[PDB]
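Below is one structure, written out as C-alpha cells, with a few remarks after it.
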Amino acid sequence: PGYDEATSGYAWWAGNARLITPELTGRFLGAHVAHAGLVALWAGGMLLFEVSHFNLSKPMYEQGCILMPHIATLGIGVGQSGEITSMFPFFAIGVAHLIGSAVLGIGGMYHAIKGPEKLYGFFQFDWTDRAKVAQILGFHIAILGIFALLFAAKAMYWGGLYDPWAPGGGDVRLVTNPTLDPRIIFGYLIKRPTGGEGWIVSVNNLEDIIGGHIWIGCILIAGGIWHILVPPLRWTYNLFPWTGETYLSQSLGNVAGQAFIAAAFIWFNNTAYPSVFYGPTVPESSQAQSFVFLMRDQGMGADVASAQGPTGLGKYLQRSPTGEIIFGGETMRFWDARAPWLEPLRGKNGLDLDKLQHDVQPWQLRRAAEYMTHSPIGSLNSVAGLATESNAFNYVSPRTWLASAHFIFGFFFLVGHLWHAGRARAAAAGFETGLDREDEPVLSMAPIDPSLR
Amino acid sequence: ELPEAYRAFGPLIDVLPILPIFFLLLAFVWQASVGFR
Amino acid sequence: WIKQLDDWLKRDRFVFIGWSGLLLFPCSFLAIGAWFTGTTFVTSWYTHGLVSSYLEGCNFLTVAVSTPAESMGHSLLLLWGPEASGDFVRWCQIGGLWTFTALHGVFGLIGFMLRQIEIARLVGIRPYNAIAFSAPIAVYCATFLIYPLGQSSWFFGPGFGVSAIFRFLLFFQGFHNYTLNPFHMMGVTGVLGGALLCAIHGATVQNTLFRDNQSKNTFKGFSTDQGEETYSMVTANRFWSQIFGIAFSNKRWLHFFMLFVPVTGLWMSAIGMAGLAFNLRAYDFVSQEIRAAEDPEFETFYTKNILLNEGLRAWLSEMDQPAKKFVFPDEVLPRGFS
Amino acid sequence: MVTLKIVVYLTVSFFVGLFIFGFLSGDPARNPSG
Amino acid sequence: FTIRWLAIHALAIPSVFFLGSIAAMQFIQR
Amino acid sequence: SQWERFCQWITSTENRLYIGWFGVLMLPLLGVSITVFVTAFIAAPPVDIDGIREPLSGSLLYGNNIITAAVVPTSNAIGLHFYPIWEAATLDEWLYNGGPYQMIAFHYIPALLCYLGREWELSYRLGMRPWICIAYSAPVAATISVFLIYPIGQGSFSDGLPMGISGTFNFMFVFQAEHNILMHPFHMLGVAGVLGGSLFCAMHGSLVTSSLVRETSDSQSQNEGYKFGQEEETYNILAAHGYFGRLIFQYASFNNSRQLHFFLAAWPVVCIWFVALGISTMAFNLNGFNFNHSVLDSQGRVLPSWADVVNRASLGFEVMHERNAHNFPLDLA
Amino acid sequence: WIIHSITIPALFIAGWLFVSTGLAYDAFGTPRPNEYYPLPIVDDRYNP
Amino acid sequence: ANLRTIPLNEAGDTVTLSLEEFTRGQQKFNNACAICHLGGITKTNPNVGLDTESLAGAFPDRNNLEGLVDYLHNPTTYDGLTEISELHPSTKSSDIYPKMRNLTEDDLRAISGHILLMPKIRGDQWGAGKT
Ligand code: HEM
Ligand SMILES: CC1=C(/C=C/C(C)=C/C=C/C(C)=C/C=C/C=C(C)/C=C/C=C(C)/C=C/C2=C(C)CCCC2(C)C)C(C)(C)CCC1
Ligand SMILES: CC1=C(/C=C/C(C)=C/C=C/C(C)=C/C=C/C=C(C)/C=C/C=C(C)/C=C/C2=C(C)CCCC2(C)C)C(C)(C)CCC1
Ligand SMILES: [Cl-]
Ligand SMILES: [Cl-]
C-alpha cells in the first residue's frame, strides 16, 4: 500500500502527507476524528485540572486558569460580580468533554486502524472533485452557522452571559435586545485597527456581540446552503490549484490571522473577556493605578486639577491630544481604556471633576485597588512585580499567557500557510521536487542585462 | 478543589492534561518500532 | 624507534590523536573538567561575595567558575604557588580554578588549531578551517586574557558561567559603552551577516535543487560519489539577481565570502576588546557631551544612553567589586525620579 | 489636507486594485511548466 | 586497558560521580 | 489586450528587477518608506517622544551624528493611534509628534511582507522550490516584533525600535531593564542561532574553500577555477568530509549535501523565529527567567548569585530610562 | 551488565555519598548553609 | 535564635517563635499579602512600609505581634482616626477581601510574627528594599 516512504514518496517525518492521496481517505477521516478527540481530551482534562486546584479565596485569574474564565463568561457557575456559585458546572463540562473525547477517540481509531481505507458512496471525495469538496465546505459552514445561532439563542434565551457592564459590578443577564442594525454591526468591520478605534476588539456590550453573532449565524447558514447547492463557478477555476495542500494552506492563513485577532481580543477587550475572570488588561490596570493614586490624594487635601508633573503636564489628570480629561503620567497612552468600574467617572469631556471628587461609589475604588496590583507582568517561572524586582510573588496573568501563546500560534501558522501555499503551487505546477536537469527554465529565458541582446 | 464525591482520582487529574503531550511522543515511539520504514 | 610513535599517532581510529593531541587532549580535558568541578562545587563567596555552584543552590544559568579575587592581581595562581602554598582548598577559594581553566583553555585552543592544521596536512586539503578558527582564538585571547591583563586584575575578566557572561555584557555597556564601539559594530555586522549568509545560502541551495530522484523527499537526491552539482547555480543567480539586484555567480567566491564575513567580524570585535583593555573607549562623542551641557534642551538617544550608563555604573559597582568597598548613599545614586 | 487624504485614498486604492485584479488574471498559469 | 577504554572512561568515570553528586544536591536542605 | 500586456509585463521574468503583483505593492511602499526615512533622518525637527514636551533631537541636521541620528518614535501622547499626515492640524505638529516614524513604519512593514511574497513570486516564475521566503520570514518576524508587536503589547509606538543606531542601543538597554531578555530562553536560542550560524557559515565556507579542486595556477585567484554554469562539482565533498570526520569523529560529518544545506538554513532561521517570538511574548510582559533571592542560607539571608548581579545592573538601567515621565513608582507596560 | 553490574552503582553512590556525608564542603572549602553569615572577600595575595 | 524573639505587646514581653511556625507565617505572607506588600513597603501607598521604624512610629505603636493582629482585626490609619476596613483587607470584612476568610487566629499570629522577625536578619534589605 502507501504506508512507507518508497510507495508514497514521503519520509517518516512527513508521513501524514501520505494521507494526502485521494485513495487514502478513510485514514484522513481517522486522523481527523482522533485529533478532535485529543482536542476534547485536553478540553476536559485541563478544565478538571483547573477545578482540582481551585482555591476559592483567590478570585479566578490568580489561579492561572484559562478555561474556568471561558465558562464563567458564559454565565455558567458564576453569578453577581463573578462569584463562583458552584464548582459542579465546571466539573460537568470537564467530564462532558472527556466523554466526547472518548467517543471521538474511538472514531479516530476506527477509521485509522480498522475502518475502510477508501471512502465511498456519498463520502468519497477527491481533492480535484471541486463540487464535492465545496459541498463538504458547505456542510461545515452550515453546521458552524447553526452553532453560532445556537450560542446567540442561549445568550438570548437560556441562562445568559456575564455582562461586565451590567449596573454595578456586573451580573449574568440574558441579552433580550441584540443590535440587529447592519449599520452598527458591519460598521465594526470598517473601524481602523489603530488605537482609539481598535477594529473589532472594541466591541463593548453584549447586544453588539450577540447581534453580530445572529448576523454571522444567518450568513453562514446562507453560505453553507450556497455551497451545497452551487458548485464552484467558472471564474474560480484558474485562481489557484484545486489540490488538498492548497485547501490546507488557505485554512492555515485564515486561522493564523484568526489567532492574531484572538490575541488582540484577549489583550485589549474586557467585555467578551471580563476582567473579573481574566484579570485587568494592561490599559485598565494602568488607569487603575492612576485612579488609586488619585483617591489617595483626596482626603489629604491635594487638589488634583492644579497639580503639575515634572514637565508642566498634569500630575494626575491632564488633557488628551484630542483634548479630553485623561489620567496623567505615562498612562496617557491608555486613555482609550474603558473599564466598567470607571465609566461612572466618565462625563462628557472624559473624567469630569464633578463625579470624580464626590463620586467614587465604594467598590469602584476596591476593584481598581485590585487591578492596580494585579497587572499583566511576569516571567516564565511565574513571578510578578516588574522584572528587576525581588522574587516573592508567584504570578503571571492569564491574558499574558493567552496573548503570548496565540501570537506564537499565529506566527507559526502564518509560516505554515506560506509553506503550504508555496508547496501547493509548486506541486501542481510540476516542479516541487527540484529543477529538471533535462530542461531548466532559466536556461530557456532571455538575459535580464540590458546590454545583452 | 474538585467535588468530594469524586475526590478519589487525585494524581489522575494531574495526569490528564499532559495526556495529549504523550501522543506525539508515542508517534515517534511507533515510528522507531517500525524502524521509520 | 621515533618513527614508530609518529606512525602510531597518525593511525585511523575512532578519534584521531596526532601530535597536536598531546597539547590538546591533556589541556582541554582539564579545562572542561575544571569547569564542571568549579560550577558544581566551589564558591565565589571569598572572591566575589556570591554563590556560583550547584552545591550553593545555583542552577546551570547561575553557576560559574568566577574570576579570581581582586587582590590576587595578575597572579597565575598556580596550585604550588605562594597564594595557595600547595593547599587545594585555599587555591579554590581564591579563584585559582579560573586561572587553571583559562590557561588550559587557551592551550586547548592552540592544540585544536594545531589539530586542524595537522589533519589538513594528513588528508591533503588546504588549511582554511584553521584560518577560520583563528577568529575564536583572537576573541578568546582578547576577552579572557588581554582585557584582564590591561585591567587591574583577573577579577575583571569574564567568569566561566552563563550569568557571569551576562554581568560581563552589562558591565561592558555601563562602564565601557561597548555598543558605541565601532569595532564591536563591525563585529555585530560580521556575525549577523554570517548568520544571514548561512541561512540564505542553505535555503537557496535547498530551493534550487535538481530533480535527481523520484520521491518527494529530496534528501535522497544526492550521492556522495557523484561529481555533479546538486543545485542549479544558474537559477539561483537568476533569482537573486531579479530579487536583490545582485547574486553570486562564482560558487568558490560564495563559499570564500561565507568564510570571510564572520571571521573578519569576529576579528574586528577582538580589536575592540584589545582597545578596551587599556580603557581606550569609544565612550562619548565630545561634540554632543559639550552641546548637551551648554544646552539643557539638546536630547539625543546618545545622551539617554550616557545617562543609562551612569545609572548602571553607580547601581552595580558596590556589589560588583566588593574588594573596593564602594559606599554610595541612597541619595547620590542616580535615580530617574520614580 | 482633505485633498491629500483623497490622493492617498485613491493611490492606495489603485495599487491594491492592481494587486488584486492582477492575481485574478490566471496567475497559476504564469509558471514555466504550462 | 586500551585507547578505546580510556577515551570513554576518563570522560565518564567522573561524569557518573558528578551526576550522583548533583542528584544528591536535589535533596539538600539549606 | 492592454491589460494582458500589463499582466505580462508585471509578471515578466525579463525585467532587470522582477516586479510581480507583490512588487506592484512593494515598490510604492518602499518609495514612501525610503523617501520619508531619508527625509526624516536628515531634516526632521525634534520629536516629543514621551509626550512630556521634551523634544528629542534625532536628525542629522539638528546637531546630530550618523551613529546618534534616528527617526524618533511617535509620541507617547499618541500611543497606538493612527496619526497620518492629514489628521494632524499642520505639518509642524505632525513633525513634532513623531508622525514620520509612523509613516515609515506603516509603509516598511507591508513592504517587507510584499518582499517576502515577491520572493515566492519569482521562485514560482522560475520553476524553483518555493521556500526562500520561509528563510526570509525570520528577519521579517524579528523586525515586526520590534516595530509593531512590542508597541502594540506595551501600548505605544514610542516603545518601538528607534530608527537609528544609538536609538537601537537604547531600545536594547531599556528592554533588558524592563524584561531581562538575557535571561529569556528564546533569546539564548537567538544568540545560539546567530553565533552558531556564524560558526556554521565560517565552517561550511572554510570546508568548501579548503577542499577545492585544482584548476588554476598560484598566481591567479582560486575563484577562476569555477565557471558560471559548469556542471561538474567545484570542490571535493569526500575530502572535506574526511577532514571534518577526522577532526571530531566518524558519524558527525554530513556526508550528504542536501541535508547539509537544509541544516544551514534551519539553524539560524528557526532560532531567529524563536527570538522574534521572545520579543513578542515580552510584548505581553512575559519576561525572562527570574532567579533573584533564590539561594537562601540557613537563617533566610539572600546569598547573592550572578543573576542577582545582573538584576543589580538591570536596576541600574531601570531607574534612569524616561526619567521625567514616571509619576508613579510602577512603570507598567 | 556483568562487569558493570555494581561498577555503575558503586561510582554513582560514591558521588552521592561524597555530597551527602559533607565531604564536598570540606573538599573544596565550600561554605555550609550556615557558614555564610556567622562577608569575607580575601583582601591579600600571599596569605588568603 | 534571638531572631525568633519579637515584641509581643506594648507592655513589653519578647515572645519567641518556632522556626516552623515562622516559616508557615512566611508562606501565608506570600499568598494573601505579597499582592502589594512584597518587599517591605505598600504598593497602594509608598509611605506605609512594614519596617521596624515605621511600625514603632505608628499610632498606636503597631510594632508588636498583638498590635499587628489587632490591626488585622481593624484597619485604621497611621494615627487611627477612621477605621477604614474597606480600603484594606480585614479579618472581619471577608466580603471585600476573601483572602483571610480561611485564616484562623494562628495564621494571623504567624503572619504578624514573621513581619517582625526579619528586620534583624535583613536590615536594609527589607525596610525599603536595597535601594
Ligand atoms: C494578609 C495580608 C496583609 C497584611 C498582614 C497587611 C498588613 C498591613 C499593615 C500592618 C499595614 C499598616 C502598616 C503601616 O502603615 O505602618 C498595612 C498598610 C497598607 N496595606 Fe497591607 N496588608 C495585607 C494585605 C494588603 C494588600 C493585599 C494590599 C493591596 C492592595 C495592601 C495595601 C496596603 C496599603 C495601601 C496600606 C497603607 C494604607 C494606610 O496607610 O492605611 N495590604 N498593611
Ligand atoms: C460576530 C461578532 C461581530 C460580527 C462580525 C462580522 C459581522 C463579520 C464578518 C465578516 C466577513 C463577512 C468577512 C470576511 C472575510 C474575507 C475573507 C476571509 C477573504 C478573502 C480572500 C482572499 C484571501 C482571497 C485571496 C485570493 C486572492 C486575492 C488572490 C487570488 C486567489 C484568491 C482568490 C485566493 C462583531 C465584531 C460585529 C461583534 C462581536 C462578534
Ligand atoms: C508606475 C507604477 C509602478 C511604480 C510605482 C512606483 C515606483 C511607486 C512609487 C512611489 C513613490 C516614490 C512614492 C513616494 C513618496 C513619498 C512621500 C509621501 C514623501 C514624503 C514626505 C514627507 C512627509 C517629508 C516630511 C518632512 C520630514 C520628515 C523632515 C523634514 C520636514 C518635512 C516636512 C519635509 C509599478 C511598476 C509598481 C506598477 C504600478 C504602476
Ligand atoms: Cl504613569
Ligand atoms: Cl532612556
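Chain labels run A, B, ... following the order of the C-alpha cells; each chain numbers its residues from 1, and ligands are numbered from 1 in the order shown.
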Shell around stretch 283-299 of chain F at 7 Å using only C-alpha atoms, local window under 2 positions removed, as an mmCIF file with C-alpha atoms, in the first residue's frame:
```cif
data_model
loop_
_atom_site.group_PDB
_atom_site.id
_atom_site.type_symbol
_atom_site.label_atom_id
_atom_site.label_comp_id
_atom_site.auth_asym_id
_atom_site.auth_seq_id
_atom_site.Cartn_x
_atom_site.Cartn_y
_atom_site.Cartn_z
ATOM 1 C CA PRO A 376 -0.135 41.554 33.338
ATOM 2 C CA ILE A 377 3.622 41.463 34.086
ATOM 3 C CA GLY A 378 5.687 38.385 34.712
ATOM 4 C CA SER A 379 8.132 35.585 33.881
ATOM 5 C CA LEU A 380 8.308 32.024 32.601
ATOM 6 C CA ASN A 381 8.665 30.624 36.109
ATOM 7 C CA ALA A 387 11.176 42.325 36.214
ATOM 8 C CA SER A 390 12.637 40.757 44.140
ATOM 9 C CA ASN A 391 11.099 37.338 43.557
ATOM 10 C CA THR A 400 -0.256 37.462 29.161
ATOM 11 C CA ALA A 403 -1.858 36.553 24.126
ATOM 12 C CA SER A 404 1.682 35.170 24.073
ATOM 13 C CA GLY C 57 21.920 26.202 45.232
ATOM 14 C CA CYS C 58 22.570 27.709 41.851
ATOM 15 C CA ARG E 30 19.724 24.667 53.250
ATOM 16 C CA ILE F 149 4.237 43.827 18.133
ATOM 17 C CA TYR F 150 6.126 45.319 21.064
ATOM 18 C CA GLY F 153 1.733 44.955 23.524
ATOM 19 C CA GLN F 154 3.162 47.842 25.504
ATOM 20 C CA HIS F 179 12.128 42.485 30.749
ATOM 21 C CA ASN F 180 15.564 40.872 31.411
ATOM 22 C CA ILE F 181 15.886 39.473 27.909
ATOM 23 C CA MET F 183 17.676 35.534 30.972
ATOM 24 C CA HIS F 184 14.941 34.810 28.389
ATOM 25 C CA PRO F 185 15.459 31.330 26.874
ATOM 26 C CA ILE F 279 10.389 39.779 21.807
ATOM 27 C CA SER F 280 6.721 39.124 21.053
ATOM 28 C CA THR F 281 5.874 37.382 24.339
ATOM 29 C CA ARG F 301 19.501 35.670 54.212
ATOM 30 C CA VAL F 302 19.738 36.039 50.443
ATOM 31 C CA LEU F 303 23.078 34.832 49.181
ATOM 32 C CA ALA F 307 21.614 36.582 38.425
ATOM 33 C CA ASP F 308 21.415 38.981 41.375
ATOM 34 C CA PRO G 33 24.407 26.608 54.600
ATOM 35 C CA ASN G 34 25.174 28.415 57.896
#
```
Residues near residue A:189, anyone? I mean within 12 Å using only C-alpha atoms, not counting same-chain ones fewer than 6 positions away, as a list in words.
residues 182, 183, 197, 198, 199, 200, 201, 202, 203 and 212 of chain A
Dump as a PDB file, in the first residue's frame, selection limited to N, CA and C atoms:
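The file below, selection-v4.pdb, is the result:
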```pdb
ATOM      1  N   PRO A 182     -27.592  46.598  10.611  1.00  0.00           N
ATOM      2  CA  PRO A 182     -26.445  46.401   9.713  1.00  0.00           C
ATOM      3  C   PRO A 182     -25.464  47.550   9.732  1.00  0.00           C
ATOM      4  N   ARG A 183     -25.924  48.767  10.019  1.00  0.00           N
ATOM      5  CA  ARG A 183     -25.014  49.902  10.054  1.00  0.00           C
ATOM      6  C   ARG A 183     -24.044  49.779  11.218  1.00  0.00           C
ATOM      7  N   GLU A 197      -9.830  53.314  17.924  1.00  0.00           N
ATOM      8  CA  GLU A 197     -10.872  52.504  17.314  1.00  0.00           C
ATOM      9  C   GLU A 197     -10.754  51.047  17.723  1.00  0.00           C
ATOM     10  N   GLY A 198      -9.656  50.393  17.359  1.00  0.00           N
ATOM     11  CA  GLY A 198      -9.488  49.011  17.746  1.00  0.00           C
ATOM     12  C   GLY A 198     -10.472  48.086  17.073  1.00  0.00           C
ATOM     13  N   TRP A 199     -10.257  47.834  15.786  1.00  0.00           N
ATOM     14  CA  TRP A 199     -11.220  47.493  14.743  1.00  0.00           C
ATOM     15  C   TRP A 199     -12.446  46.692  15.166  1.00  0.00           C
ATOM     16  N   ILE A 200     -12.291  45.461  15.643  1.00  0.00           N
ATOM     17  CA  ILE A 200     -13.405  44.727  16.232  1.00  0.00           C
ATOM     18  C   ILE A 200     -13.142  44.348  17.673  1.00  0.00           C
ATOM     19  N   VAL A 201     -11.960  44.658  18.199  1.00  0.00           N
ATOM     20  CA  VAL A 201     -11.639  44.357  19.582  1.00  0.00           C
ATOM     21  C   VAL A 201     -12.406  45.262  20.527  1.00  0.00           C
ATOM     22  N   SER A 202     -12.870  46.401  20.028  1.00  0.00           N
ATOM     23  CA  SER A 202     -13.622  47.362  20.806  1.00  0.00           C
ATOM     24  C   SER A 202     -15.109  47.110  20.790  1.00  0.00           C
ATOM     25  N   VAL A 203     -15.546  45.899  20.467  1.00  0.00           N
ATOM     26  CA  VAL A 203     -16.923  45.557  20.770  1.00  0.00           C
ATOM     27  C   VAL A 203     -17.066  45.502  22.283  1.00  0.00           C
ATOM     28  N   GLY A 212     -24.116  40.673  16.209  1.00  0.00           N
ATOM     29  CA  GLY A 212     -23.157  40.201  15.235  1.00  0.00           C
ATOM     30  C   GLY A 212     -23.123  38.693  15.119  1.00  0.00           C
TER      31      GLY A 212
END
```
Proximal residues of chain A relative to chain D (only C-alpha atoms; 6 Å) as a PyMOL selection string
chain A and resi 238-240
Could the residues in this selection be written to a file with N, CA and C atoms, as an mmCIF file, in the first residue's frame?
```cif
data_model
loop_
_atom_site.group_PDB
_atom_site.id
_atom_site.type_symbol
_atom_site.label_atom_id
_atom_site.label_comp_id
_atom_site.auth_asym_id
_atom_site.auth_seq_id
_atom_site.Cartn_x
_atom_site.Cartn_y
_atom_site.Cartn_z
ATOM 1 N N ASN A 238 -9.056 28.921 -12.433
ATOM 2 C CA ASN A 238 -7.622 29.115 -12.573
ATOM 3 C C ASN A 238 -7.078 30.107 -11.556
ATOM 4 N N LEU A 239 -7.823 30.363 -10.483
ATOM 5 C CA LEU A 239 -7.360 31.296 -9.465
ATOM 6 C C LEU A 239 -6.198 30.720 -8.670
ATOM 7 N N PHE A 240 -6.208 29.411 -8.470
ATOM 8 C CA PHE A 240 -5.263 28.651 -7.665
ATOM 9 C C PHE A 240 -5.485 27.171 -7.946
#
```
Give as number ranges by chain the residues surrounding ligand 4 up to a distance of 6 Å, considering only C-alpha atoms and all ligand atoms.
A: 329-331; F: 326-328
Keeping only N, CA, C and O atoms, write the selected residues as a PDB file, in the first residue's frame.
```
ATOM      1  N   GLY A 329       0.526  61.229  33.483  1.00  0.00           N
ATOM      2  CA  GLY A 329       1.640  60.328  33.625  1.00  0.00           C
ATOM      3  C   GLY A 329       1.934  59.596  32.339  1.00  0.00           C
ATOM      4  O   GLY A 329       1.597  60.041  31.244  1.00  0.00           O
ATOM      5  N   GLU A 330       2.594  58.449  32.478  1.00  0.00           N
ATOM      6  CA  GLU A 330       2.796  57.640  31.289  1.00  0.00           C
ATOM      7  C   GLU A 330       1.524  56.933  30.855  1.00  0.00           C
ATOM      8  O   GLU A 330       1.404  56.566  29.686  1.00  0.00           O
ATOM      9  N   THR A 331       0.536  56.823  31.733  1.00  0.00           N
ATOM     10  CA  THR A 331      -0.713  56.149  31.425  1.00  0.00           C
ATOM     11  C   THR A 331      -1.628  56.970  30.539  1.00  0.00           C
ATOM     12  O   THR A 331      -2.780  56.590  30.343  1.00  0.00           O
TER      13      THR A 331
ATOM     14  N   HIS F 326       7.675  59.124  34.733  1.00  0.00           N
ATOM     15  CA  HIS F 326       7.022  58.124  35.583  1.00  0.00           C
ATOM     16  C   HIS F 326       6.571  58.867  36.831  1.00  0.00           C
ATOM     17  O   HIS F 326       7.383  59.145  37.718  1.00  0.00           O
ATOM     18  N   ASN F 327       5.288  59.209  36.892  1.00  0.00           N
ATOM     19  CA  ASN F 327       4.770  59.906  38.057  1.00  0.00           C
ATOM     20  C   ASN F 327       4.418  58.976  39.200  1.00  0.00           C
ATOM     21  O   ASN F 327       4.239  59.448  40.325  1.00  0.00           O
ATOM     22  N   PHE F 328       4.286  57.688  38.937  1.00  0.00           N
ATOM     23  CA  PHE F 328       4.015  56.664  39.929  1.00  0.00           C
ATOM     24  C   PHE F 328       5.181  55.674  39.985  1.00  0.00           C
ATOM     25  O   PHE F 328       5.979  55.596  39.044  1.00  0.00           O
TER      26      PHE F 328
END
```
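When only C-alpha atoms are used to compute distances to chain A, the closest of the residues C:156, C:256, C:240, C:183 turns out to be C:240.
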Could you please extract the residues within 7 Å of ligand 5, counting only C-alpha atoms and all ligand atoms, and hand them back as a list in words?
residues 304, 305 and 308 of chain C; 170, 174, 320, 321 and 322 of chain F
Please identify all protein, DNA and RNA residues within 8 Å of ligand 1, counting only C-alpha atoms and all ligand atoms, and report them as number ranges by chain.
A: 369-370, 372-373; H: 28-29, 32-37, 42-51, 54-55, 57-58, 62, 68, 71-72, 75-78, 84, 87-89, 99-100, 108, 111-112
File dump, residues just selected, N, CA and C atoms, as a CSV table (one decimal), in the first residue's frame:
```
chain,number,residue,atom,x,y,z
A,369,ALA,N,-8.4,49.1,43.1
A,369,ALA,CA,-7.4,48.7,44.0
A,369,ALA,C,-6.9,47.3,43.7
A,370,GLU,N,-7.8,46.5,43.2
A,370,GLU,CA,-7.4,45.1,42.9
A,370,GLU,C,-6.6,45.1,41.6
A,372,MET,N,-4.9,47.5,40.1
A,372,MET,CA,-3.6,48.1,40.2
A,372,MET,C,-2.5,47.1,40.4
A,373,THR,N,-2.7,46.2,41.4
A,373,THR,CA,-1.6,45.4,41.9
A,373,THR,C,-1.7,44.0,41.3
H,28,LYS,N,2.2,32.2,54.1
H,28,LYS,CA,1.0,33.0,54.0
H,28,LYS,C,1.2,34.5,53.8
H,29,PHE,N,2.4,35.0,54.1
H,29,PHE,CA,2.7,36.4,53.7
H,29,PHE,C,2.8,36.5,52.1
H,32,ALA,N,-1.5,36.0,50.3
H,32,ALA,CA,-2.6,37.0,50.5
H,32,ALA,C,-2.1,38.4,50.7
H,33,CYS,N,-0.8,38.6,50.9
H,33,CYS,CA,-0.3,39.9,51.2
H,33,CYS,C,0.8,40.4,50.3
H,34,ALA,N,1.5,39.5,49.6
H,34,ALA,CA,2.5,39.9,48.6
H,34,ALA,C,1.9,40.5,47.3
H,35,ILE,N,0.6,40.5,47.2
H,35,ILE,CA,0.0,41.2,46.1
H,35,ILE,C,0.5,42.6,46.0
H,36,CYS,N,0.6,43.3,47.2
H,36,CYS,CA,1.1,44.7,47.2
H,36,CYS,C,1.9,45.0,48.4
H,37,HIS,N,2.3,44.1,49.2
H,37,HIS,CA,3.3,44.3,50.3
H,37,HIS,C,4.6,43.5,50.1
H,42,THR,N,4.3,49.3,50.9
H,42,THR,CA,2.9,49.0,50.3
H,42,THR,C,2.9,49.7,48.9
H,43,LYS,N,2.4,48.9,47.9
H,43,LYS,CA,2.3,49.5,46.6
H,43,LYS,C,1.2,50.5,46.5
H,44,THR,N,0.1,50.4,47.2
H,44,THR,CA,-1.0,51.3,47.2
H,44,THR,C,-0.5,52.7,47.6
H,45,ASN,N,0.2,52.7,48.7
H,45,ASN,CA,0.8,54.0,49.3
H,45,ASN,C,2.2,53.7,49.5
H,46,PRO,N,3.2,54.2,48.8
H,46,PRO,CA,4.6,54.1,49.0
H,46,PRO,C,5.2,54.9,50.2
H,47,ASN,N,4.4,54.9,51.3
H,47,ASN,CA,5.0,55.5,52.5
H,47,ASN,C,4.8,54.7,53.8
H,48,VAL,N,3.8,53.7,53.7
H,48,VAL,CA,3.5,53.0,54.9
H,48,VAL,C,4.1,51.6,54.8
H,49,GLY,N,5.4,51.5,55.1
H,49,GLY,CA,6.1,50.3,54.9
H,49,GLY,C,5.9,49.4,56.1
H,50,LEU,N,6.3,48.1,55.9
H,50,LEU,CA,6.3,47.2,57.0
H,50,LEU,C,7.6,47.0,57.7
H,51,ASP,N,8.2,48.2,58.1
H,51,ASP,CA,9.5,48.2,58.7
H,51,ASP,C,9.4,48.5,60.2
H,54,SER,N,9.0,52.3,61.0
H,54,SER,CA,7.6,52.8,60.7
H,54,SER,C,6.6,52.2,61.7
H,55,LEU,N,6.7,50.9,62.0
H,55,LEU,CA,5.7,50.3,62.9
H,55,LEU,C,5.8,50.8,64.3
H,57,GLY,N,6.8,53.8,65.1
H,57,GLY,CA,6.3,55.2,65.0
H,57,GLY,C,4.9,55.2,64.5
H,58,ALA,N,4.2,54.1,64.3
H,58,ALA,CA,2.8,54.1,64.1
H,58,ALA,C,2.0,54.6,65.3
H,62,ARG,N,2.4,49.9,66.4
H,62,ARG,CA,2.0,48.6,65.8
H,62,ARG,C,3.2,47.7,65.5
H,68,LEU,N,-0.1,44.0,65.6
H,68,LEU,CA,-0.3,43.7,64.2
H,68,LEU,C,-1.6,42.8,64.0
H,71,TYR,N,-4.4,45.1,64.4
H,71,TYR,CA,-4.6,45.8,63.1
H,71,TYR,C,-5.3,45.0,62.1
H,72,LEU,N,-5.0,43.8,62.0
H,72,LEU,CA,-5.7,42.9,61.0
H,72,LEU,C,-7.1,42.7,61.4
H,75,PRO,N,-8.6,47.6,60.3
H,75,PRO,CA,-7.8,48.5,59.5
H,75,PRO,C,-8.1,50.0,59.8
H,76,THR,N,-7.2,50.7,60.4
H,76,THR,CA,-7.3,52.1,60.7
H,76,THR,C,-6.2,52.9,59.9
H,77,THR,N,-6.1,54.2,60.3
H,77,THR,CA,-5.0,55.0,59.7
H,77,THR,C,-3.7,54.8,60.5
H,78,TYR,N,-2.7,55.6,60.0
H,78,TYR,CA,-1.4,55.6,60.8
H,78,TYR,C,-1.5,56.3,62.1
H,84,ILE,N,-11.1,52.4,58.6
H,84,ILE,CA,-11.5,52.1,57.2
H,84,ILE,C,-11.1,50.7,56.9
H,87,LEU,N,-11.0,49.9,52.5
H,87,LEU,CA,-9.9,50.1,51.6
H,87,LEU,C,-8.8,49.1,51.8
H,88,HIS,N,-8.8,48.3,52.9
H,88,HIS,CA,-7.8,47.3,53.3
H,88,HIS,C,-8.5,46.0,53.5
H,89,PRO,N,-7.7,44.9,53.3
H,89,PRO,CA,-8.2,43.6,53.7
H,89,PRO,C,-8.3,43.6,55.2
H,99,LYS,N,-9.4,36.9,51.1
H,99,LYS,CA,-8.1,36.3,51.2
H,99,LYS,C,-7.8,35.7,52.6
H,100,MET,N,-8.4,36.3,53.7
H,100,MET,CA,-8.2,35.8,55.0
H,100,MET,C,-9.4,35.1,55.6
H,108,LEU,N,-3.1,34.4,61.6
H,108,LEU,CA,-2.8,35.8,61.8
H,108,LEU,C,-1.6,36.0,62.7
H,111,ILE,N,1.6,35.2,60.6
H,111,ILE,CA,2.0,36.2,59.6
H,111,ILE,C,2.4,37.5,60.3
H,112,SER,N,1.8,37.8,61.5
H,112,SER,CA,2.2,39.0,62.2
H,112,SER,C,3.6,38.8,62.9
```
Can you tell me which residues surround residue F:314 at a distance of at most 7 Å, considering only C-alpha atoms, apart from same-chain residues fewer than 5 positions away, and format the answer as a PyMOL selection string?
(chain A and resi 388) or (chain F and resi 176-177)
Okay, now the selection with C-alpha atoms, as an mmCIF file, in the first residue's frame?
```cif
data_model
loop_
_atom_site.group_PDB
_atom_site.id
_atom_site.type_symbol
_atom_site.label_atom_id
_atom_site.label_comp_id
_atom_site.auth_asym_id
_atom_site.auth_seq_id
_atom_site.Cartn_x
_atom_site.Cartn_y
_atom_site.Cartn_z
ATOM 1 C CA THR A 388 14.169 43.847 38.052
ATOM 2 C CA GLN F 176 16.831 44.468 29.373
ATOM 3 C CA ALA F 177 15.919 46.732 32.299
#
```
Selection: 10 Å around residue A:281, only C-alpha atoms, excl. self and same-chain fewer than 6 positions, as an MDAnalysis selection string:
chainID A and resid 266:270 273:275 287 337 339 371 374:376 397 399:400
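Residue-level contacts from chain A to chain H at 9 Å, counting only C-alpha atoms, read residues 56, 57, 58, 59, 289, 292, 293, 296, 362, 363, 365, 366, 369, 370, 372, 373, 374, 384, 385, 389, 390, 391, 392, 393 and 394 of chain A.
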